[PDB]
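Text of work-v9.csv, listed as CSV, C-alpha atoms and all ligand atoms:
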```csv
chain,number,residue,atom,x,y,z
L,1,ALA,CA,0.0,0.0,0.0
L,2,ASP,CA,1.1,3.6,-0.4
L,3,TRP,CA,2.1,5.7,2.6
L,4,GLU,CA,-1.2,7.4,3.5
L,5,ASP,CA,-3.1,4.1,3.2
L,6,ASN,CA,-0.6,2.4,5.5
L,7,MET,CA,-1.0,5.3,8.0
L,8,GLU,CA,-4.8,5.0,7.8
L,9,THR,CA,-4.4,1.3,8.6
L,10,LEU,CA,-2.3,2.2,11.7
L,11,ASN,CA,-5.0,4.7,12.8
L,12,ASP,CA,-7.9,2.3,12.2
L,13,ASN,CA,-6.2,-0.3,14.3
L,14,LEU,CA,-5.3,2.1,17.1
L,15,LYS,CA,-9.1,2.7,17.3
L,16,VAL,CA,-9.8,-1.0,17.4
L,17,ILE,CA,-7.3,-1.4,20.3
L,18,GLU,CA,-8.8,1.6,22.2
L,19,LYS,CA,-12.3,0.0,22.0
L,20,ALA,CA,-11.2,-3.6,22.4
L,21,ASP,CA,-12.7,-6.1,24.9
L,22,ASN,CA,-10.3,-9.0,24.9
L,23,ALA,CA,-6.6,-9.7,24.3
L,24,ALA,CA,-7.3,-11.5,21.0
L,25,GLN,CA,-8.7,-8.4,19.3
L,26,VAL,CA,-5.8,-6.3,20.6
L,27,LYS,CA,-3.3,-8.9,19.3
L,28,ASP,CA,-5.0,-9.0,15.9
L,29,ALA,CA,-4.9,-5.2,15.6
L,30,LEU,CA,-1.3,-4.9,16.7
L,31,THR,CA,-0.3,-7.6,14.1
L,32,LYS,CA,-2.0,-5.5,11.4
L,33,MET,CA,-0.2,-2.4,12.7
L,34,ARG,CA,3.2,-4.2,12.4
L,35,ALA,CA,2.4,-5.3,8.8
L,36,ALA,CA,1.4,-1.7,7.9
L,37,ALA,CA,4.5,-0.1,9.4
L,38,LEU,CA,6.8,-2.6,7.6
L,39,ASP,CA,5.0,-2.0,4.3
L,40,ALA,CA,5.3,1.8,4.7
L,41,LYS,CA,9.0,1.4,4.9
L,42,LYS,CA,8.8,0.6,1.2
L,43,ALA,CA,6.7,3.7,0.5
L,44,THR,CA,7.7,7.3,-0.3
L,45,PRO,CA,5.8,10.3,1.1
L,46,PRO,CA,4.8,12.7,-1.7
L,47,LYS,CA,7.0,15.5,-0.4
L,48,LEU,CA,10.1,13.3,-0.6
L,49,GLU,CA,9.5,12.0,-4.1
L,50,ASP,CA,12.3,14.3,-5.4
L,51,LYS,CA,14.9,12.9,-2.9
L,52,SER,CA,17.3,10.0,-3.4
L,53,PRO,CA,15.9,6.7,-2.0
L,54,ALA,CA,18.8,6.6,0.6
L,55,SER,CA,18.9,10.4,1.2
L,56,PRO,CA,19.1,11.3,4.9
L,57,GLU,CA,15.4,12.4,4.8
L,58,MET,CA,14.3,9.0,3.4
L,59,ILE,CA,16.5,7.2,6.0
L,60,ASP,CA,14.8,9.3,8.8
L,61,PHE,CA,11.4,8.3,7.2
L,62,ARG,CA,12.3,4.5,7.3
L,63,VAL,CA,13.9,4.6,10.7
L,64,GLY,CA,10.8,6.3,12.0
L,65,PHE,CA,8.9,3.2,11.2
L,66,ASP,CA,11.5,1.2,13.0
L,67,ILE,CA,10.8,3.3,16.1
L,68,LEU,CA,7.0,2.5,15.7
L,69,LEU,CA,7.8,-1.2,15.2
L,70,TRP,CA,9.7,-1.5,18.4
L,71,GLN,CA,6.8,0.3,20.3
L,72,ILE,CA,4.3,-2.1,18.5
L,73,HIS,CA,6.6,-4.9,19.8
L,74,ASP,CA,6.2,-3.7,23.4
L,75,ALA,CA,2.5,-3.4,23.1
L,76,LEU,CA,2.1,-6.8,21.4
L,77,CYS,CA,4.2,-8.6,24.0
L,78,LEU,CA,1.9,-7.0,26.6
L,79,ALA,CA,-1.2,-8.3,24.8
L,80,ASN,CA,0.3,-11.7,24.4
L,81,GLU,CA,0.8,-11.9,28.1
L,82,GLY,CA,-2.8,-10.9,28.7
L,83,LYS,CA,-1.8,-7.4,29.9
L,84,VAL,CA,-4.6,-5.7,28.0
L,85,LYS,CA,-4.7,-2.4,29.9
L,86,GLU,CA,-0.9,-2.0,29.6
L,87,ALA,CA,-1.1,-2.7,25.9
L,88,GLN,CA,-3.9,-0.1,25.5
L,89,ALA,CA,-1.8,2.5,27.4
L,90,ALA,CA,1.1,1.6,25.1
L,91,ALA,CA,-1.2,2.1,22.1
L,92,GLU,CA,-1.9,5.6,23.4
L,93,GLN,CA,1.8,6.3,23.2
L,94,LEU,CA,1.8,4.7,19.7
L,95,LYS,CA,-0.9,7.2,18.8
L,96,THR,CA,1.4,10.0,19.8
L,97,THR,CA,4.2,8.7,17.7
L,98,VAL,CA,2.1,7.9,14.6
L,99,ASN,CA,0.7,11.4,14.7
L,100,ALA,CA,4.2,12.9,15.0
L,101,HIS,CA,5.4,10.9,12.0
L,102,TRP,CA,2.3,11.9,10.0
L,103,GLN,CA,2.8,15.6,10.7
L,104,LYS,CA,6.5,15.4,9.9
L,105,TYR,CA,6.3,13.9,6.5
L,106,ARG,CA,2.9,14.9,5.0
X,1,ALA,CA,27.9,-14.9,4.3
X,2,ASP,CA,26.5,-14.5,0.9
X,3,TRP,CA,22.7,-14.5,0.4
X,4,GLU,CA,22.4,-18.2,-0.8
X,5,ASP,CA,24.4,-19.5,2.2
X,6,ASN,CA,22.2,-17.4,4.6
X,7,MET,CA,19.1,-18.9,2.9
X,8,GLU,CA,20.6,-22.4,3.5
X,9,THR,CA,20.9,-21.5,7.2
X,10,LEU,CA,17.3,-20.4,7.3
X,11,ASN,CA,16.0,-23.6,5.8
X,12,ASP,CA,18.2,-25.8,8.0
X,13,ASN,CA,17.0,-24.1,11.1
X,14,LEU,CA,13.3,-24.4,10.0
X,15,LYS,CA,13.9,-28.1,9.8
X,16,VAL,CA,15.5,-28.1,13.3
X,17,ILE,CA,12.4,-26.3,14.7
X,18,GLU,CA,9.9,-28.6,13.1
X,19,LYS,CA,11.6,-31.6,14.9
X,20,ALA,CA,12.6,-29.8,18.0
X,21,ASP,CA,11.9,-31.3,21.4
X,22,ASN,CA,12.2,-28.4,23.8
X,23,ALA,CA,12.1,-24.6,24.1
X,24,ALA,CA,15.9,-24.3,24.3
X,25,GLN,CA,16.3,-26.0,20.9
X,26,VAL,CA,13.6,-23.8,19.3
X,27,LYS,CA,15.1,-20.6,20.9
X,28,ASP,CA,18.6,-21.6,19.6
X,29,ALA,CA,17.4,-22.3,16.1
X,30,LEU,CA,15.4,-19.0,15.9
X,31,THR,CA,18.4,-17.1,17.1
X,32,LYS,CA,20.5,-18.6,14.4
X,33,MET,CA,17.7,-17.6,11.9
X,34,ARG,CA,17.8,-14.1,13.2
X,35,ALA,CA,21.5,-13.8,12.8
X,36,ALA,CA,21.3,-15.2,9.2
X,37,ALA,CA,18.5,-12.8,8.3
X,38,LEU,CA,20.4,-9.8,9.6
X,39,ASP,CA,23.5,-10.9,7.7
X,40,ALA,CA,21.5,-11.4,4.5
X,41,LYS,CA,20.2,-7.7,4.8
X,42,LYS,CA,23.7,-6.7,3.9
X,43,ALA,CA,23.9,-9.0,0.9
X,44,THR,CA,22.7,-8.6,-2.7
X,45,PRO,CA,20.6,-11.6,-4.0
X,46,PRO,CA,21.2,-13.0,-7.4
X,47,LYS,CA,18.1,-11.4,-9.0
X,48,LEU,CA,19.2,-7.9,-7.8
X,49,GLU,CA,22.8,-8.0,-8.8
X,50,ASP,CA,21.9,-5.6,-11.6
X,51,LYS,CA,20.5,-3.1,-9.1
X,52,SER,CA,22.3,-0.5,-7.0
X,53,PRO,CA,22.5,-1.0,-3.2
X,54,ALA,CA,20.2,1.9,-2.5
X,55,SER,CA,17.8,1.2,-5.4
X,56,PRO,CA,14.1,0.8,-4.5
X,57,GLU,CA,14.3,-2.9,-5.3
X,58,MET,CA,17.1,-3.3,-2.8
X,59,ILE,CA,15.2,-1.3,-0.2
X,60,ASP,CA,12.3,-3.6,-0.7
X,61,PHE,CA,14.6,-6.6,-0.4
X,62,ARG,CA,15.9,-5.4,2.9
X,63,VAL,CA,12.4,-4.6,4.2
X,64,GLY,CA,11.5,-8.2,3.3
X,65,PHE,CA,14.2,-9.4,5.7
X,66,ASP,CA,12.8,-7.0,8.3
X,67,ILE,CA,9.4,-8.7,7.8
X,68,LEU,CA,11.1,-12.1,8.3
X,69,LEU,CA,12.9,-10.8,11.5
X,70,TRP,CA,9.6,-9.8,13.1
X,71,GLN,CA,8.0,-13.2,12.2
X,72,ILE,CA,11.0,-14.9,13.8
X,73,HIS,CA,10.3,-12.8,16.8
X,74,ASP,CA,6.7,-14.0,17.1
X,75,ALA,CA,8.0,-17.6,17.4
X,76,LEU,CA,10.8,-16.4,19.8
X,77,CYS,CA,8.3,-14.7,22.1
X,78,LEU,CA,6.3,-18.0,22.3
X,79,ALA,CA,9.5,-20.0,22.9
X,80,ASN,CA,10.6,-17.6,25.7
X,81,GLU,CA,7.3,-18.2,27.4
X,82,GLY,CA,8.0,-22.0,27.0
X,83,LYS,CA,5.0,-22.6,24.6
X,84,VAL,CA,7.0,-24.9,22.3
X,85,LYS,CA,4.1,-26.3,20.2
X,86,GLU,CA,2.8,-22.7,19.6
X,87,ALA,CA,6.3,-21.6,18.6
X,88,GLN,CA,6.5,-24.5,16.2
X,89,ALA,CA,3.2,-23.5,14.7
X,90,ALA,CA,4.5,-19.9,14.2
X,91,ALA,CA,7.5,-21.4,12.4
X,92,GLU,CA,5.2,-22.6,9.7
X,93,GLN,CA,4.6,-19.0,8.7
X,94,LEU,CA,8.4,-18.6,8.6
X,95,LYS,CA,8.6,-21.4,6.1
X,96,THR,CA,6.1,-19.6,3.8
X,97,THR,CA,8.0,-16.4,4.0
X,98,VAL,CA,11.5,-18.0,3.5
X,99,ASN,CA,10.3,-20.0,0.5
X,100,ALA,CA,8.6,-16.9,-1.1
X,101,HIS,CA,11.8,-14.9,-0.6
X,102,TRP,CA,13.9,-17.7,-2.1
X,103,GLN,CA,11.7,-17.9,-5.2
X,104,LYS,CA,11.5,-14.1,-5.6
X,105,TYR,CA,15.2,-13.3,-5.3
X,106,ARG,CA,17.3,-16.3,-6.5
A,1,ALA,CA,21.3,14.6,19.2
A,2,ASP,CA,24.0,13.6,16.8
A,3,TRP,CA,25.6,10.1,16.5
A,4,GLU,CA,28.3,10.7,19.1
A,5,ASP,CA,25.9,12.0,21.6
A,6,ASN,CA,23.8,8.8,21.1
A,7,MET,CA,26.9,6.7,21.7
A,8,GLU,CA,27.4,8.6,24.9
A,9,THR,CA,23.8,7.9,25.9
A,10,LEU,CA,24.3,4.2,25.2
A,11,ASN,CA,27.3,4.2,27.6
A,12,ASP,CA,25.6,6.2,30.3
A,13,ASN,CA,22.8,3.7,30.4
A,14,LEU,CA,25.2,0.7,30.4
A,15,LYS,CA,26.7,2.1,33.5
A,16,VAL,CA,23.1,2.5,35.0
A,17,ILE,CA,22.5,-1.2,34.3
A,18,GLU,CA,25.9,-2.3,35.7
A,19,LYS,CA,25.0,-0.8,39.1
A,20,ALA,CA,21.3,-1.7,39.0
A,21,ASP,CA,19.6,-3.7,41.7
A,22,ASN,CA,16.1,-4.6,40.4
A,23,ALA,CA,14.6,-5.5,37.0
A,24,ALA,CA,12.7,-2.2,36.6
A,25,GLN,CA,15.9,-0.2,36.7
A,26,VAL,CA,17.5,-2.4,34.1
A,27,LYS,CA,14.4,-2.3,31.9
A,28,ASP,CA,14.3,1.5,32.1
A,29,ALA,CA,18.0,1.9,31.1
A,30,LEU,CA,17.6,-0.6,28.2
A,31,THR,CA,14.5,1.3,26.9
A,32,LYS,CA,16.7,4.4,26.8
A,33,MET,CA,19.4,2.5,25.0
A,34,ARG,CA,16.9,1.3,22.4
A,35,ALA,CA,15.8,4.9,21.8
A,36,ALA,CA,19.4,6.1,21.4
A,37,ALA,CA,20.3,3.2,19.1
A,38,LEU,CA,17.3,4.1,16.9
A,39,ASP,CA,18.3,7.8,16.8
A,40,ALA,CA,21.8,6.8,15.9
A,41,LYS,CA,20.7,4.5,13.1
A,42,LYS,CA,19.5,7.5,11.1
A,43,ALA,CA,22.7,9.4,11.4
A,44,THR,CA,25.9,9.6,9.3
A,45,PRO,CA,28.8,8.7,11.5
A,46,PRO,CA,32.0,10.7,11.3
A,47,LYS,CA,34.0,8.1,9.4
A,48,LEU,CA,31.5,7.9,6.6
A,49,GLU,CA,30.9,11.6,6.1
A,50,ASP,CA,32.8,11.5,2.8
A,51,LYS,CA,30.7,8.6,1.4
A,52,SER,CA,27.6,8.9,-0.7
A,53,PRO,CA,24.3,8.4,1.2
A,54,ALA,CA,23.7,5.5,-1.2
A,55,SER,CA,27.0,3.7,-0.3
A,56,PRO,CA,27.1,0.1,0.8
A,57,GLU,CA,29.1,1.3,3.8
A,58,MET,CA,26.0,3.2,5.1
A,59,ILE,CA,23.8,0.1,4.7
A,60,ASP,CA,26.3,-2.0,6.7
A,61,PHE,CA,26.3,0.8,9.3
A,62,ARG,CA,22.5,0.7,9.6
A,63,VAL,CA,22.3,-3.1,9.7
A,64,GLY,CA,24.9,-3.0,12.4
A,65,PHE,CA,22.4,-1.0,14.5
A,66,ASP,CA,19.7,-3.5,13.8
A,67,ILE,CA,22.0,-6.2,15.2
A,68,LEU,CA,22.6,-4.0,18.3
A,69,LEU,CA,18.9,-3.5,18.7
A,70,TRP,CA,18.2,-7.2,18.7
A,71,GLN,CA,21.0,-7.6,21.4
A,72,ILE,CA,19.2,-4.9,23.5
A,73,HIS,CA,15.9,-6.7,23.0
A,74,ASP,CA,17.3,-10.0,24.3
A,75,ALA,CA,18.6,-8.2,27.5
A,76,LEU,CA,15.3,-6.5,27.9
A,77,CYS,CA,13.5,-9.9,27.7
A,78,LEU,CA,15.7,-11.2,30.5
A,79,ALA,CA,14.9,-8.1,32.6
A,80,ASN,CA,11.1,-8.5,31.8
A,81,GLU,CA,11.4,-12.1,33.1
A,82,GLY,CA,12.9,-10.8,36.3
A,83,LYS,CA,16.3,-12.3,35.6
A,84,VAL,CA,18.3,-9.2,36.7
A,85,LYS,CA,21.8,-10.9,37.0
A,86,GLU,CA,21.4,-12.5,33.5
A,87,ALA,CA,20.3,-9.2,32.1
A,88,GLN,CA,23.4,-7.5,33.6
A,89,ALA,CA,25.7,-10.1,32.1
A,90,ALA,CA,24.0,-9.6,28.7
A,91,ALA,CA,24.5,-5.8,29.1
A,92,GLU,CA,28.2,-6.4,29.8
A,93,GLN,CA,28.3,-8.0,26.3
A,94,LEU,CA,26.3,-5.0,25.0
A,95,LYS,CA,29.1,-2.7,26.3
A,96,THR,CA,31.5,-4.5,23.9
A,97,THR,CA,29.2,-4.2,21.0
A,98,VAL,CA,28.3,-0.5,21.6
A,99,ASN,CA,31.9,0.6,22.2
A,100,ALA,CA,33.2,-1.5,19.2
A,101,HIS,CA,30.6,0.3,16.9
A,102,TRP,CA,31.7,3.7,18.5
A,103,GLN,CA,35.4,3.0,17.8
A,104,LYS,CA,34.6,1.7,14.3
A,105,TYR,CA,32.7,4.7,13.0
A,106,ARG,CA,34.2,7.7,14.9
L,201,BI,BI,10.4,-11.9,25.1
L,202,CL,CL,18.7,2.1,2.8
L,203,CL,CL,16.9,2.5,6.0
L,204,CL,CL,9.5,-9.7,24.0
L,205,CL,CL,16.3,-0.4,3.8
L,206,CL,CL,19.6,-0.1,5.5
L,207,NA,NA,26.2,-22.5,-0.6
L,208,ZN,ZN,17.8,1.0,4.6
L,209,ZN,ZN,10.4,-9.6,22.1
```

Is it possible to express this structure as structure tokens?
Amino acid sequence: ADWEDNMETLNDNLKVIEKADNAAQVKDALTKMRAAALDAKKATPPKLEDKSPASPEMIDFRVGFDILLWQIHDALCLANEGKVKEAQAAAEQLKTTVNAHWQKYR
Amino acid sequence: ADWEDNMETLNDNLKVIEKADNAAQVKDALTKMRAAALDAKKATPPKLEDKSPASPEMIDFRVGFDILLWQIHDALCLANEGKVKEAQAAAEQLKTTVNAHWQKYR
Amino acid sequence: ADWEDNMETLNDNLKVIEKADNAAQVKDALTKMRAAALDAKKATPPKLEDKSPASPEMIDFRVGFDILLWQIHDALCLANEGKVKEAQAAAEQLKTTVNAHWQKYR
């Protein structure tokens, strides 16, 4: 998927986590978030289309998804251990990071 | 190691996991897979030898090994909790990913 | 912060771990190490400042930080399992990896 569609998937699944009732739903949403963050590493935001693919700006873009992926990892471990409330709080932090990346590159 | 030798290491350790008897053996195999996948990220596979290292095709190749690394981690989290059969079930997804990568890039 | 400041942050938190008494302290220092390693991954280290951003040397630099991030992850797992002494021994190995990277790219 292109970058904005992958960001939409991240946001849709943050809402699923915020409203979730059990650990299985949280786990499923986090797995979708991970797949979207990895796919977005292959994307180029429109404002960077005129940059080299390994320009410092595009490295910052890709490593920003690495930052999200490690936070997704913390939340997904918490969900897998049944720590649903901790996973949801972690998702609130994920929301902050996703928004910051959106604002930086759109 | 070059790409093909890393791919051999990935398949050899998938076979170890399939037959493994305890969590320590699964953890050991998965750690070797992780090391081989990180090493292959620095390689150029046969199909991409006509592409530059920072080409979009090579970025997509490296992100494909990032995808494999997070799948390896799903099995590793299960093994660290001692859920050996569940970790082995997770390793089946690893098999699909490794085989697809082999066919795509050899 | 620049790359060298992140390498300093990695060493400050290694010292925090070496003197730690409980798992939460070790976990906190390792989380700070993860953040610093991720910030450093997007930098250009002093030794490679004369290389093109699309150089293979810069890809090997970035993949070296992925290797470090997975070593940090393993120590963090040990701390999350409450294995403080094992986590500290793993962090002693981390000190080697971090300082070796520092000396390689400064
Ligand atoms: Bi773990
Ligand atoms: Cl790159
Ligand atoms: Cl990158
Ligand atoms: Cl974990
Ligand atoms: Cl990449
Ligand atoms: Cl890279
Ligand atoms: Na071979
Ligand atoms: Zn890269
Ligand atoms: Zn983990």

Within-7 Å residues of ligand ZN 209 (chain L), basis only C-alpha atoms and all ligand atoms, as number ranges by chain: L: 73, 77; X: 73, 77; A: 73, 77

Residues of chain L within 8 Å of chain A, only C-alpha atoms counted, as a ChimeraX atom specification: /L:53-56,59-60,63,66-67

Surrounding residues of residue 95 in chain X excluding itself and chain neighbours under 3 positions, 9 Å, all atoms listed in the file, as a VMD selection string: chain X and resid 10 to 11 14 91 to 92 98 to 100

Please produce a file of the residues just selected, as a PDB file, in the frame of the given file, where the atoms kept are C-alpha atoms.
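Below is the file that was written, part_37.pdb:
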```
ATOM      1  CA  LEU X  10      17.300 -20.400   7.300  1.00  0.00           C
ATOM      2  CA  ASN X  11      16.000 -23.600   5.800  1.00  0.00           C
ATOM      3  CA  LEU X  14      13.300 -24.400  10.000  1.00  0.00           C
ATOM      4  CA  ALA X  91       7.500 -21.400  12.400  1.00  0.00           C
ATOM      5  CA  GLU X  92       5.200 -22.600   9.700  1.00  0.00           C
ATOM      6  CA  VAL X  98      11.500 -18.000   3.500  1.00  0.00           C
ATOM      7  CA  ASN X  99      10.300 -20.000   0.500  1.00  0.00           C
ATOM      8  CA  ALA X 100       8.600 -16.900  -1.100  1.00  0.00           C
TER       9      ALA X 100
END
```

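With only C-alpha atoms as the atoms that count, the residue of A:27, A:15, A:101, A:51 with the shortest distance to residue 74 in chain L is A:27.
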
Point-to-point distance in Å for CA of residue 33 in chain A and CA of residue 96 in chain L: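 Interatomic distance, CA of residue 96 in chain L to CA of residue 33 in chain A: 20.2 Å.
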
Atomic distance atom NA of ligand NA 207 (chain L) - CA of residue 12 in chain X, expressed in Å with one decimal: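 Here the two named atoms are 12.2 Å from each other.
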
Residue contacts of residue 80 in chain A (10 Å, all atoms listed in the file) excluding same-chain residues fewer than 5 positions away, as a PyMOL selection string: chain A and resi 23-24+26-27+74-75+87

Nearby residues, (30.6, 3.7, 18.4) file frame, 9 Å, all atoms listed in the file, as a list in words: residues 3, 4, 6, 7, 8, 45, 97, 98, 99, 100, 101, 102, 103, 104, 105 and 106 of chain A

Could you turn the residues from that selection into a file that holds C-alpha atoms, as a compact mmCIF listing (two decimals), keeping the file's coordinate frame?
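And here's again01.txt as it stands now:
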```
# COMPACT_ATOMS: atom_id res chain seq x y z
CA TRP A 3 25.60 10.10 16.50
CA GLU A 4 28.30 10.70 19.10
CA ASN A 6 23.80 8.80 21.10
CA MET A 7 26.90 6.70 21.70
CA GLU A 8 27.40 8.60 24.90
CA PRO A 45 28.80 8.70 11.50
CA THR A 97 29.20 -4.20 21.00
CA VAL A 98 28.30 -0.50 21.60
CA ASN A 99 31.90 0.60 22.20
CA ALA A 100 33.20 -1.50 19.20
CA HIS A 101 30.60 0.30 16.90
CA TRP A 102 31.70 3.70 18.50
CA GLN A 103 35.40 3.00 17.80
CA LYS A 104 34.60 1.70 14.30
CA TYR A 105 32.70 4.70 13.00
CA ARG A 106 34.20 7.70 14.90
```

Distance of CA of residue 64 in chain L from CA of residue 31 in chain X, expressed in Å to one decimal place: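 These atoms are spaced 25.1 Å apart.
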
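In this comparison, which uses all atoms listed in the file, the residue of A:47, A:57, A:29, A:36 approaching ligand CL 202 (chain L) most closely is A:57.
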
L:17, L:61, L:5, L:46 ranked by distance to ligand CL 203 (chain L), top pick (using all atoms listed in the file):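 Of L:17, L:61, L:5, L:46, the one nearest ligand CL 203 (chain L) is L:61, counting all atoms listed in the file.
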
With N, CA and C atoms as the goal, would you fill in the gaps in range 28-49 of chain A and present it as a PDB file, keeping the file's coordinate frame?
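The resulting file, selection.pdb, is reproduced below:
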```pdb
ATOM      1  N   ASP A  28      14.378   0.089  32.403  1.00  0.00           N
ATOM      2  CA  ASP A  28      14.300   1.500  32.100  1.00  0.00           C
ATOM      3  C   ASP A  28      15.586   1.932  31.292  1.00  0.00           C
ATOM      4  N   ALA A  29      16.758   1.510  31.766  1.00  0.00           N
ATOM      5  CA  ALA A  29      18.000   1.900  31.100  1.00  0.00           C
ATOM      6  C   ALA A  29      18.035   1.244  29.668  1.00  0.00           C
ATOM      7  N   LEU A  30      17.579  -0.006  29.534  1.00  0.00           N
ATOM      8  CA  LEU A  30      17.600  -0.600  28.200  1.00  0.00           C
ATOM      9  C   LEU A  30      16.611   0.051  27.247  1.00  0.00           C
ATOM     10  N   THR A  31      15.478   0.545  27.746  1.00  0.00           N
ATOM     11  CA  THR A  31      14.500   1.300  26.900  1.00  0.00           C
ATOM     12  C   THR A  31      15.156   2.565  26.383  1.00  0.00           C
ATOM     13  N   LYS A  32      15.900   3.247  27.266  1.00  0.00           N
ATOM     14  CA  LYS A  32      16.700   4.400  26.800  1.00  0.00           C
ATOM     15  C   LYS A  32      17.735   4.061  25.811  1.00  0.00           C
ATOM     16  N   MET A  33      18.413   2.908  25.993  1.00  0.00           N
ATOM     17  CA  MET A  33      19.400   2.500  25.000  1.00  0.00           C
ATOM     18  C   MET A  33      18.754   2.177  23.652  1.00  0.00           C
ATOM     19  N   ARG A  34      17.595   1.532  23.651  1.00  0.00           N
ATOM     20  CA  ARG A  34      16.900   1.300  22.400  1.00  0.00           C
ATOM     21  C   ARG A  34      16.608   2.598  21.669  1.00  0.00           C
ATOM     22  N   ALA A  35      16.097   3.601  22.405  1.00  0.00           N
ATOM     23  CA  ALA A  35      15.800   4.900  21.800  1.00  0.00           C
ATOM     24  C   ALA A  35      17.043   5.529  21.205  1.00  0.00           C
ATOM     25  N   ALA A  36      18.148   5.477  21.949  1.00  0.00           N
ATOM     26  CA  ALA A  36      19.400   6.100  21.400  1.00  0.00           C
ATOM     27  C   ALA A  36      19.940   5.339  20.247  1.00  0.00           C
ATOM     28  N   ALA A  37      19.851   4.001  20.235  1.00  0.00           N
ATOM     29  CA  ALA A  37      20.300   3.200  19.100  1.00  0.00           C
ATOM     30  C   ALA A  37      19.516   3.563  17.831  1.00  0.00           C
ATOM     31  N   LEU A  38      18.203   3.698  17.995  1.00  0.00           N
ATOM     32  CA  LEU A  38      17.300   4.100  16.900  1.00  0.00           C
ATOM     33  C   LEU A  38      17.659   5.477  16.352  1.00  0.00           C
ATOM     34  N   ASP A  39      17.891   6.427  17.267  1.00  0.00           N
ATOM     35  CA  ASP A  39      18.300   7.800  16.800  1.00  0.00           C
ATOM     36  C   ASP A  39      19.604   7.742  16.075  1.00  0.00           C
ATOM     37  N   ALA A  40      20.550   6.917  16.544  1.00  0.00           N
ATOM     38  CA  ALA A  40      21.800   6.800  15.900  1.00  0.00           C
ATOM     39  C   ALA A  40      21.779   6.172  14.520  1.00  0.00           C
ATOM     40  N   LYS A  41      20.833   5.251  14.346  1.00  0.00           N
ATOM     41  CA  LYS A  41      20.700   4.500  13.100  1.00  0.00           C
ATOM     42  C   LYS A  41      20.462   5.450  11.907  1.00  0.00           C
ATOM     43  N   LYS A  42      19.796   6.581  12.152  1.00  0.00           N
ATOM     44  CA  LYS A  42      19.500   7.500  11.100  1.00  0.00           C
ATOM     45  C   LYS A  42      20.585   8.526  10.830  1.00  0.00           C
ATOM     46  N   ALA A  43      21.667   8.478  11.596  1.00  0.00           N
ATOM     47  CA  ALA A  43      22.700   9.400  11.400  1.00  0.00           C
ATOM     48  C   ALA A  43      23.791   8.970  10.422  1.00  0.00           C
ATOM     49  N   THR A  44      24.667   9.901  10.079  1.00  0.00           N
ATOM     50  CA  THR A  44      25.900   9.600   9.300  1.00  0.00           C
ATOM     51  C   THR A  44      27.037   9.682  10.258  1.00  0.00           C
ATOM     52  N   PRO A  45      27.748   8.599  10.530  1.00  0.00           N
ATOM     53  CA  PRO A  45      28.800   8.700  11.500  1.00  0.00           C
ATOM     54  C   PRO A  45      30.035   9.377  10.916  1.00  0.00           C
ATOM     55  N   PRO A  46      30.900   9.931  11.774  1.00  0.00           N
ATOM     56  CA  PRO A  46      32.000  10.700  11.300  1.00  0.00           C
ATOM     57  C   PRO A  46      32.875  10.049  10.218  1.00  0.00           C
ATOM     58  N   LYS A  47      33.171   8.762  10.393  1.00  0.00           N
ATOM     59  CA  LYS A  47      34.000   8.100   9.400  1.00  0.00           C
ATOM     60  C   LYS A  47      33.445   8.032   8.049  1.00  0.00           C
ATOM     61  N   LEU A  48      32.112   8.060   7.935  1.00  0.00           N
ATOM     62  CA  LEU A  48      31.500   7.900   6.600  1.00  0.00           C
ATOM     63  C   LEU A  48      30.955   9.176   6.059  1.00  0.00           C
ATOM     64  N   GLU A  49      31.374  10.303   6.622  1.00  0.00           N
ATOM     65  CA  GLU A  49      30.900  11.600   6.100  1.00  0.00           C
ATOM     66  C   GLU A  49      31.297  11.858   4.708  1.00  0.00           C
TER      67      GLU A  49
END
```
